[PDB]
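Asker: Provided hereafter are the protein sequence and its experimental coordinates.
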Amino acid sequence: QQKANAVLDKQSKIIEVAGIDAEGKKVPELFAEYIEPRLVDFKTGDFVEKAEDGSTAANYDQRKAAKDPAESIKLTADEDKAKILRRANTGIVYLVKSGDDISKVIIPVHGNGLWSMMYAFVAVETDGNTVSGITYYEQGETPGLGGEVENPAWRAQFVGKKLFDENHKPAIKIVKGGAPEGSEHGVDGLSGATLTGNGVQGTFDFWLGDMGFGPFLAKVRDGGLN
Ligand SMILES: [Cl-]
C-alpha cells in the first residue's frame, strides 16, 4: 500500500526543513538517525507517551484524531482562525537530534486556503521562537497564485523570524505587498493570492495560540527540550 510513498514524502519534508545534510543516505535512514517523534498535549504543552485513542508517537494519526469527538474539540467560528473546524487534543512534533541534544523542533501546522487545506512543517530553534525554516507538504492552491507557498524564495523569508511578540502572543505577519526589512515578524504576502495568504495568516494565529503550540513552545523557551 502506498500510503508508503505518502509517509516517505512526509519524512522527506521533515528531513528537508530540519536542515540536515544528507550524506547520500536515504530518507528512512536519515529519519531514524536524526528525528525523534513525540506526542504533545496542546492544552498543557507537555510531552505525553500516548494519545487518548491509545496511539504512540509512531502510529498516531492526528488528522483522524481531529475528527474523533473522543479526542478532539469543535472550534467556534471566532476561535477557528485557521478555518479547520476541529482540533485534535494531542499533536505530534518532530525533535531533531544533534548528538545527545535536541537541535530543533519541527511542528505540523495547517489551515484552509482557497481551494484546499494547506499543511506545513515549521522548524523552530530551541529558543522556541526563532523560525529555522518552513515547507508546505500538502496543498492544492493554484500554481502561480496560492501555489506559491511552495516557492523557495517565499519560504526563505520565514528564516530568522520570531513566532511570538513580547507577550508570547502570535506575531508572524503575512504582510500584503511585501513586508519591510529588518523585520522581526513580517513576511511578504502572495501577490494576487490574498485568500491563500489569509489562510496562512490564520494558520499561525491559531497554531501559535493557547489552543495550539503556544503552551508547548513556552516550555521549549524555558529549556524543556534539553
Ligand atoms: Cl489537528
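Answerer: Received, thanks. Numbers count the residues shown, from 1 in each chain.
Asker: List the neighbouring strands of the lengthiest strand in the chain plus their orientation.
Answerer: Ranked by residue count, the top strand of the chain under DSSP state E comes out as strand 102-112. Next to strand 102-112 in the sheet, as set by DSSP bridges, lie strand 90-97 (antiparallel), strand 117-125 (antiparallel).
Asker: export the ones you listed to CSV and tack on distance to residue 66 and mean neighbour count?
Answerer: Heads up, the C-betas are built off the backbone N, CA and C, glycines and all. Below are these laid out as CSV (distance: least, CB to CB, whole Å; neighbours: other CB atoms under 10 Å):
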stretch, distance to residue 66, mean neighbour count
strand 90-97, 10, 21
strand 117-125, 11, 21
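Asker: residues from the chain in reach of the ion?
Answerer: 66, 87-88 (CB under 5 Å from the ion).
Asker: In helices, which of these fall?
Answerer: The helices, defined by DSSP state H, take in residue 66 from these.
Asker: All the helices of the protein, residue numbers only.
Answerer: 4-18, 27-34, 62-66, 152-156, 194-207, 214-221.
Asker: so how far is the longest strand of the chain from its chain's centroid?
Answerer: How far strand 102-112 lies from its chain's middle: 3 Å, per CA atoms, centre = their mean, to the nearest Å.
Asker: what's the angle from it to helix 214-221?
Answerer: Angle, strand 102-112 to helix 214-221, by axes from the mean of the first three to the mean of the last three CA atoms, to 10 degrees: 160 degrees.
Asker: State the distance from the residue nearest to residue 101 when sequence neighbours are not counted to residue 57.
Answerer: The shortest distance from residue 101 to any non-neighbouring residue, by CB to CB, 6 or more residues apart in numbering, is to residue 226 (5.3 Å). Between residue 226 and residue 57 the distance is 19 Å, computed by CB to CB, to the nearest Å.
Asker: Could you check which of these two is surrounded by more residues?
Answerer: Shown here are residue 226 and residue 57; by other CB atoms under 10 Å, residue 57 has more neighbours (19 against 11).
Asker: quick one, what contacts the more buried one?
Answerer: Shown in contact with residue 57 (CB atoms under 8 Å, 6 or more residues apart in numbering): 37-39, 92.
Asker: coming back round to it: so the residue nearest to residue 101 sits against residue 127, correct?
Answerer: No: with contact defined as CB atoms under 8 Å, residue 226 does not reach residue 127; the gap is 11.4 Å.
Asker: before we move on, the earlier item: could you check the angle the longest strand of the chain makes with helix 4-18?
Answerer: Going by the same axes, to 10 degrees, strand 102-112 makes 120 degrees with helix 4-18.
Asker: quick one, strand 102-112 and helix 194-207 angle?
Answerer: 130 degrees.
Asker: So the residue nearest to residue 188 when sequence neighbours are not counted versus residue 142, what's the distance?
Answerer: In space, and not counting its chain neighbours, residue 188 is closest to residue 178: 4.6 Å by CB to CB, 6+ apart. Separation of residue 178 from residue 142 (CB to CB): 21 Å.
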